[PDB]
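Engineer: sequence plus experimental coordinates follow:
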2 protein chains.
Amino acid sequence: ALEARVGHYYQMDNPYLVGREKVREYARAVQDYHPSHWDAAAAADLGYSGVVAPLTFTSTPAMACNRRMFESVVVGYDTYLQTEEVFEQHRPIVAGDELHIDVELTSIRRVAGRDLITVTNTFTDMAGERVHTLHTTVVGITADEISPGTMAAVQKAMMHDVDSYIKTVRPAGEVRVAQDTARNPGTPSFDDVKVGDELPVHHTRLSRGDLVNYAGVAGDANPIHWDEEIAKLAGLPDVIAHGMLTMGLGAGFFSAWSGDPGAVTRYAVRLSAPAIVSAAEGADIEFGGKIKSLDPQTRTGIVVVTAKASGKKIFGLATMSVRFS
Amino acid sequence: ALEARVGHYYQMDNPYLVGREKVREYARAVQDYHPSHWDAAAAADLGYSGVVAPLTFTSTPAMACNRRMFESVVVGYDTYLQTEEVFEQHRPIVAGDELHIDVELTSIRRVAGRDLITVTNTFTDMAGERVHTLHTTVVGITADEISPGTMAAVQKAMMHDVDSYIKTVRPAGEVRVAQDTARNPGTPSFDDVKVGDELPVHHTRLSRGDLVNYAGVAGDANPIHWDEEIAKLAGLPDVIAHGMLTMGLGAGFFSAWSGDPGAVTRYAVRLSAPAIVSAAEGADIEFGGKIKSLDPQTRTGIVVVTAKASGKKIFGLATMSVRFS
């Protein structure tokens, strides 16, 4: 009976208008200084009508839209932790886009005593085209899996936010998926890259304040990312970075190498160990990558992206699918 | 020689485009649910072309613009704390406004061993009209006034943010100040209020998570608002709420009573004791107010606003100047 509500679907009445300053703010929060996120003229030189949203920006409106799904529709868990994400950038989102967002409970799988819950959001522009698909997998955590009174401390610490079940499913209809094939990407020539090419390693540092800033900018209320006492009560070794933040750092690493955040068509990240962010040292995340495959017909490729901190892998398998020039 | 740089002036090259979703986000962060900040049709019924920015919203772009002033121009202090603010709402800011922002060092006064530094920001719309003036007073804190090593802990905790003196002053020119007299305000009739009328008291609660959210949404990097250990090192009893956040809560209290956030022309707040936000209890801020004066010629008035927590005043003298209907 875990599966009874799978398929549940709802749309948000209000679309989300992507704003230039909010785009810059999210880029700042993920330490992403690619000029296309900041400078409208640099974005225009790459063929974009406004500053480009960093790839993981969609996490921010999606989390707000998913409140009903995780608090009311999915029953049986006190809290959740992200384990895996897939970002499909059908076309890059730019400032000025106004996007209608929906939510669908796509699966609930039980593996090795953990319930893995996948929700999917789609973002549809004013022309009715699907510009982005986001697949979020979390593990559901029940009351008995955390210290007694941990949830009461969590509820007490969380910010103040004012807001019989009937299943609804996605209506029938055809999807018009956006594409970006007309825009030449600002990436290396396909002829200048080779399978097996390794990316130069980059270290990104995170402080407690980076996580506090991200909590507000992305609207993530969970105190495990900013209260050491609650993080330990939840069974963690210390405060940990938001999974979405580390994925955003990976996308920034990748676009610093590639030259064009919009040239990515798909970013898939399995998470492994959490990135611990201590008060004394912060975190030091080492990113790397290696070209896995190239397709000369489409002049595209797949690049593995790696992420480690203090001897442990932060990412399991993670890949970028990207258009070359 | 404290006074040598007073008058220093600079403008930001890049204007700030006020976005609908960022307006809603700031309103959420200050627990302000007045419909004109959220619902474009409700704003339109009050005569506004888009959702209205909460009055203290200007604090967010102003702090970013003031970075150079406080880090490079004003010399001699390691950190600052807000003591007083004046918000002049020449006309209400709405989503869609694009605002050019400047900074001026207006005074540095020394009283009872504290240096009180006042900077002023103006916000000018695309028609060249001044829509908002913000006056920020802070006390400058020198190295020897805080525990040894406190500043090193502060610097370590702060988020990662990538960016010979020559004095420049404000160029000569006339100011075109915006006004809003053509828009009838959504406040009580002037004939239905009286000097001495008291406002019903309202309690607003703040948790640690409210402050974490505000830190990110408003771009305030100071860890005294979210790290108890650093707050104590800085000589405070515990984590304290941002002064701007408490002022925003006061404006929300006032517009819940008045019915129209845009009807305020001036909000002046002296701060007194900090609002302590403990892990166990948070803060409980009690707001009140009392009509001080009424002018039947303009149908305007001045209302004192009060704010207290746990037996201590959080606001010293604070006033709202408001248009009645």
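Structural biologist: Received it, and whenever you're ready, just let me know what you need. Numbering: from 1, shown residues only, chains lettered A, B, ... in the order given.
Engineer: hey, let's count contacts and neighbours off CA atoms from now on
Structural biologist: OK.
Engineer: any idea how far chain B is from residue A:127?
Structural biologist: As judged by C-alpha to the nearest C-alpha, to the nearest Å, residue A:127 and chain B stand 20 Å apart.
Engineer: make that residue A:7, sorry
Structural biologist: 29 Å.
Engineer: that residue against residue A:169, yeah?
Structural biologist: Yes: contact criterion C-alpha atoms under 8 Å: residue A:7 and residue A:169 qualify, at 5.7 Å.
Engineer: quickly list what the residue lying closest to residue A:310 once chain neighbours are set aside is bridged to.
Structural biologist: Leaving out its chain neighbours, the residue that sits closest to residue A:310 by C-alpha to C-alpha, 6 or more residues apart in numbering or on different chains is residue A:284, at 7.5 Å. Beta bridges link residue A:284 to residue A:205, judged by DSSP bridges.
Engineer: tell me, how many residues neighbour residue A:284?
Structural biologist: As a burial measure, residue A:284 scores 18 neighbours (other C-alpha atoms under 10 Å in any protein chain shown).
Engineer: does it really touch residue A:241, like I thought?
Structural biologist: No: counting by C-alpha under 8 Å, residue A:284 stays clear of residue A:241, with 11.2 Å between them.
Engineer: before we move on, back to that, more neighbours: which of residue A:7 and residue A:169?
Structural biologist: Neighbour count, other C-alpha under 10 Å: between residue A:7 and residue A:169, residue A:7 has more, with 17 against 13.
Engineer: any idea how far the nearest residue to the more buried one once chain neighbours are set aside is from residue A:73?
Structural biologist: Excluding the flanking residues, the one nearest residue A:7 by C-alpha to C-alpha, 6+ apart is residue A:105, at 5.2 Å. Going from residue A:105 to residue A:73 by C-alpha to C-alpha, to the nearest Å gives 9 Å.
Engineer: any idea which residue of the stretch 51-200 of chain A lies closest to chain B?
Structural biologist: Residue of the stretch 51-200 of chain A nearest chain B, by C-alpha to the nearest C-alpha: residue A:159 (4.2 Å).
Engineer: from residue A:226, how far off is that residue?
Structural biologist: 12 Å.
Engineer: these two: who's more crowded?
Structural biologist: Neighbours per residue (other C-alpha under 10 Å) separate residue A:159 from residue A:226, with residue A:226 holding more: 29 against 26.
Engineer: do I have it right that residue A:39 meets residue A:49?
Structural biologist: No: Residue A:39 is not in contact with residue A:49 according to C-alpha under 8 Å; the separation is 11.2 Å.
Engineer: what about the strands in chain A?
Structural biologist: With strands called from DSSP state E, chain A shows them at A:9-11, A:16-17, A:79-89, A:98-111, A:114-124, A:129-141, A:176-177, A:198-206, A:264-271, A:283-295, A:300-309, A:312-313, A:315-323.
Engineer: the second one packs against which elements?
Structural biologist: The one in question is strand A:16-17. strand A:98-111, helix B:20-29 (3 or more C-alpha pairs under 8 Å, 6 or more residues apart in numbering or on different chains; DSSP states H and E).
Engineer: cool, and the fourth one?
Structural biologist: Other helices and strands packing on strand A:98-111, by 3+ C-alpha pairs under 8 Å, 6+ apart, are strand A:9-11, strand A:16-17, helix A:59-65, strand A:114-124.
Engineer: who's in contact with it?
Structural biologist: A:2-3, A:5-18, A:62, A:65-66, A:69, A:115-126, A:170 (C-alpha atoms under 8 Å, 6 or more residues apart in numbering or on different chains).
Engineer: any of these buried? List them.
Structural biologist: Among the contacts of strand A:98-111, the ones that count as buried by 16 or more other C-alpha atoms under 10 Å in any protein chain shown are A:5-11, A:15-18, A:62, A:65-66, A:69, A:115-125.
Engineer: kindly export stretch A:150-160 (C-alpha atoms) in CSV.
Structural biologist: Provided in CSV are the C-alpha atoms of stretch A:150-160 (Å, rounded to 0.1, in the frame of the first residue of the first chain):
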residue,chain,number,x,y,z
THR,A,150,14.6,15.8,17.6
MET,A,151,11.5,16.7,15.6
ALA,A,152,10.3,19.0,18.3
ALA,A,153,13.6,20.8,18.3
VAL,A,154,13.4,21.0,14.5
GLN,A,155,9.9,22.4,14.5
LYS,A,156,10.9,25.0,17.2
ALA,A,157,13.9,26.2,15.2
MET,A,158,12.2,26.4,11.8
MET,A,159,11.2,29.8,10.3
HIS,A,160,7.6,31.0,10.6
